[PDB]
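Participant: Just dropping this structure here.
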Amino acid sequence: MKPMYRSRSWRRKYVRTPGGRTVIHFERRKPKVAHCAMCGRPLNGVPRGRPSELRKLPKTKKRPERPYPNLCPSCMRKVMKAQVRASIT
Amino acid sequence: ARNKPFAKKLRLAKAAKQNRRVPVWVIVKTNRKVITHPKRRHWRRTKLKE
Amino acid sequence: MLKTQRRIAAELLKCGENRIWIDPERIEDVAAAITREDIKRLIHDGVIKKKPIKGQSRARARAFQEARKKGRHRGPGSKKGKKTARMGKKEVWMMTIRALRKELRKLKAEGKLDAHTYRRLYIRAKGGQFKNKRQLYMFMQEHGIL
Amino acid sequence: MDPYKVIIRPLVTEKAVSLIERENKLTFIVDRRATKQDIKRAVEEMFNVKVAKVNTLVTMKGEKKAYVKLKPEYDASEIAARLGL
Amino acid sequence: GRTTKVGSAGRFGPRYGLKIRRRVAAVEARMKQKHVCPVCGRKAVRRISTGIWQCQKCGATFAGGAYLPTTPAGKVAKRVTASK
Amino acid sequence: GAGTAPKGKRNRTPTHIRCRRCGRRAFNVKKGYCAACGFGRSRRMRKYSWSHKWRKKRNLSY
Amino acid sequence: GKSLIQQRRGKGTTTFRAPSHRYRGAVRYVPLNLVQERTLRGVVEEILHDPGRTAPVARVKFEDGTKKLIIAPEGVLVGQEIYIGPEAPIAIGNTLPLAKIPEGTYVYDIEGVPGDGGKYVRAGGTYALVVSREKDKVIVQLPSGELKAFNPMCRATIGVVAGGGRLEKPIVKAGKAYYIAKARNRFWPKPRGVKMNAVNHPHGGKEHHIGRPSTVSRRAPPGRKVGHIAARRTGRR
RNA sequence: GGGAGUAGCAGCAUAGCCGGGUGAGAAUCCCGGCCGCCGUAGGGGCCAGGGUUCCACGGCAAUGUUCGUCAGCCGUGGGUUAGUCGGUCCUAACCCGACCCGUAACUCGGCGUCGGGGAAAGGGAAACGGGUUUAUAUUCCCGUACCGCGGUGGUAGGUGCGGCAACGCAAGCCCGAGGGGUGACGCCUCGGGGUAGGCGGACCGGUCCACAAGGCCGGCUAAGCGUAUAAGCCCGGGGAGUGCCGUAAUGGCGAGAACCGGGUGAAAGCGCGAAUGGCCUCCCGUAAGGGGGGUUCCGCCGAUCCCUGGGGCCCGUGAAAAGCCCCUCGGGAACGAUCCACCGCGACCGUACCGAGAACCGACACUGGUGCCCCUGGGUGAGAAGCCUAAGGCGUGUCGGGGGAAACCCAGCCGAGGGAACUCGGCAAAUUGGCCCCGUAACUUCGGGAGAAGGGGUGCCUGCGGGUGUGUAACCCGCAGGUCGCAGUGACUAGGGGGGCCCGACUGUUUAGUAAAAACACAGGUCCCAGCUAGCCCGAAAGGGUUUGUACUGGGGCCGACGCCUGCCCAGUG
Ligand SMILES: [Zn+2]
Ligand SMILES: [Zn+2]
Ligand SMILES: [Zn+2]
């Protein structure tokens, strides 16, 4: 193993070749999924992947269509309620 | 796979070209007065300064 | 010289250089062969062969294991490890209690059991007084639940 | 560099001849200080051909060496004969 | 537990002596017993780091002592500054 | 000990390499100065009157 | 002769420096050409552990969108709102000039001269008491005993410093002390001059005893001040 | 020169023999067979360092601990191909330059500001299989693909929808700013889902084997593109306490449980890639070249490799920035993509080989060190143990032939009868030894001592039962009877034990190369200085260390876990 490939940031895997060689393949690790700002709870609808994996995707498959998609829905409804209760004056 | 810099490689290349012996016609022309020179080197005896 | 032939043929046939056979009556033909084409055609002709792997049988161990399954070779004199190693500690517990919960849940689904009785038995099984389904059923039909 | 100074020498070895026959390639010895693009021009002018690819390596003698692939319209053997070999 | 006199300090074995092991066990007992929250009134406060306490049931995170969420001096200050 | 064996740990990065200004293997690479000419440390050249290297070079007398 | 650890500390080597790159930032209040009378309002958002403070810190977001670190008082919640200025209320976490602070109040993080940023009672568990309020000075009782005088325009914070009761549980082992002293690189372990050699210490010898009084004068030169320095007394009482 | 044709070319891995050849010449060069060593490394891969040692042809003056037709030696000619591998980019601990202050001065010393560097194992756009050469290949050829800039042409959109909701969608362009996320993180422990790898049974071909029964070999499928469920988290309905629901374990619930339905979401598998590929094998002349057949299934184990979730610990809190994605504002145009199809362009350097009981360092073809840095089939067995073995590699840990041919030495095996009478001293050797059951003292800081001690059992065969499980799959647990031996952990593996005294509480460290200890450290005990422009320290000065600090702190000394205790003198020196 090359010294850089022996570094535990490469998630090895052994794989069989049509001509019978049993090679070792190397891959980088995926990031973790996004988390709300106000509660630290995972977001749904936002997929995990490296910038390579993500730039081969259209916009609307990267986040939900509701407003404030950086927030969980319980917090989204809170901010919206606050806005409307303050827009009375 | 060895990861050398280019200047160092060129210097080793010169060092390799040097390490040969005197041609036969120089000896024939000098009447056996030149048979060697001071830069014969073997890789396992005398080392270079990179 | 024939080091060259041996290595070319070995890594052509995807083998080792010791599992290779060169006919001892045609070494001149082999030596006249400096290219890969010539060594290929000699392989074809059969002057250079890949030998078959020897192998290692398992025919004695098969009979050993047959006899062990049917119940020999498992006495005190054949053991070297502790009982808690040869059979684990937490594995036993997990398989036991999983079995028990499975059975209680099936019994509840078939109406034989009400929530009160199922809860009591769940709690006793966690406490760990049953140790097997036979004990469980003995308890249930000694007491009036079945 | 400038055309007509880039190319120093053509190669005549068994490997180079094999490549001339099979791949339609030429093999040259070149001034260290030239790049793939300058080599491309140089060949185009000094020989009036269209080039497809250039690959380079510096050797263990201090010489830059170029494997040059032409487009299948032309023919290496032609210029190899136009030269000596 | 299973032992009479030692508690959390039955891990040290026959080492380090009486006073040491007693103090350690008493302190860790009082710290690992659950505590009442000042926001929800429920007994679920647990330590997070040195000086930091958190309720598992409401999410209240606050600052306090090193081994208890209150100190005698803090109590005095609370009372005094409420009086004035 | 302090002999044969400790001298096997010499397959690490060197202390000195060649110098652009003088051509001599004396450039300390972890600091950026030559121990022979002062390059990387002085505009001018390191010379001294207790030293014989430059005199030997130019075939002068001591 | 040879040197002392005393003497090598004064040069500033990695064997003696502080590893401040490991810490959270410095803790100051605000510059007061900004705090004329405006009584800023802010919100706590996080409470955190600092390896260079023997006390927790708290992160605050102000109406400016600016973010600061304060030293956390005992009983401050994530989500509270603290005020900083002359006319703020009197509660826990609020910073005021000492003049506006009654007698009897517990106080921490006091400025020496108005504008410094907080010099006193910043260690974990500590507090100070306000004694008197004149028109030219305020008297304060510090955790040592001294009754110091401050100018009445100096700023303080109300309450007590969190982290208290840290020295009740013992350090049981030597590895734990290794880690405690590696956090901030204190010299650990420690030798004894009495078992050192005579080059290396005013004590020191084949016999493991001191042959001169351990009491040294405040006018003894460096390299010699080891033991009891200008001791008024010694012993038990 | 004598020593001397002597020592050494032994010890840690004791390896060669028969037949054939080449050649002037063969213990030691080549081919075949027999016999053998290694076998969690003496195998396979690759850093640093070395620098051509690599490859073929030709040679034998010298080198090679012997010979030599051999060679890491000598001669001649050759050999290292990148849009995707790595540098090149970002910052870290740290460093430099200019200005500034000091210095008699500087090539010296330094705080702050500014600017710049700093990782070939940290962060980080993108390629996989087959073949080709004497010597290169994720680099050349074939086949099948992917990124980033720029374009041409159409659509989505600007001027559109479905769901109560979670959410599902091709869902506008150029410029600037701001926010949010990811990058982005410790030690210990557990479960679940998968994979490499292995085992078994059937079958199709080939070979071994007196027949028979039987054993061994082969039965292959990459990146990419398209596809979904776990766990966790969420949405809606629903409306609970002598309670119910659940986990391996913690545990959950009017601050809204059970129970109904749903949504988002991994590693994998599947399909295409892909059968005139690759392997096994039967044929015609055997030279370029041809022909045919097969490429099948079920079941079990299962990681130290991959993915996902819980729990515990800290007077100890386990990096940053570049870059990438989303949203919102503010400003311009009226056109126009993050979707489909097509095209063009993508520089500079490395790239051979060893990688160590001969290619590095040690003056050497050195039993040392660097590197054991990353990986490892079957059996016995708790086991990456030791023993045997397959693969792969060697017979180059580079001097051989003889022999009752001795004395004596080095490393080993057994010794009647007595059992430490030996010796400063039981030094050396021997005894014991694995697993199950029974039974175990003084003393004690009640945690220990303790495997205390002391005792019995243990093979093969024929059978009977139990646990989990659908299991005449797999792994485990108890008992009877029969029989053989001097001996049943039969080899390998595998503690000798007890009773008193001194010192040190413990784990730890020490005189590299005559001392590992009763010496050092340690937890804890106590004393002294200091309220900060402090106390203590460096320095010629400027300036600095403790200090991104503030008496629950910083510094300076002695005793040294725990237990009971710590008596009199301030005349002397301080
Ligand atoms: Zn939220
Ligand atoms: Zn609460
Ligand atoms: Zn120089």
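Residues displayed in chain F correspond, in order, to Swiss-Prot positions 2-63.
Determined by electron microscopy, 3.0 Å, according to the entry header.
Each Cβ is built from the backbone N, Cα and C atoms, and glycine gets one as well.
What Swiss-Prot records for this protein is below:
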| type | residues | note |
| --- | --- | --- |
| BINDING | F:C20, F:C23, F:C35, F:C38 | Zn(2+) binding site |
| ZN_FING | F:20-38 | zinc finger |
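If you look at the structure here, what lies around each of the features I listed?
Facilitator: Within the same chain, residues at least six positions away from F:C38 (Zn(2+) binding site) with a Cβ under 8 Å of its Cβ are F:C20, F:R22, F:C23, F:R25, F:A27, F:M46, F:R47.
Taken through DSSP, the zinc finger (F:20-38) splits into 0 helix, 4 strand, 15 coil.
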Participant: Quick check: with F:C20, F:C23, F:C35, F:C38 left out, which same-chain residues have Cβ atoms within 8 Å of the centroid of the Zn(2+) site Cβ atoms?
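Facilitator: The answer, listed by sequence position, is F:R21, F:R22, F:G24, F:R25, F:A27, F:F28, F:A36, F:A37, F:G39, F:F40.
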Participant: Near F:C35 (Zn(2+) binding site), which residues of its own chain have a C-beta under 8 A away, given they sit six or more steps off in sequence?
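Facilitator: Sequence-distant Cβ neighbours: F:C20, F:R22, F:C23, F:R25, F:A27, F:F28, F:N29, F:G41, F:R42, F:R47.
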Participant: Cβ atoms within 10 Å, counted per site: which of F:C20, F:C23 has the most, among these binding-site residues?
Facilitator: F:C20
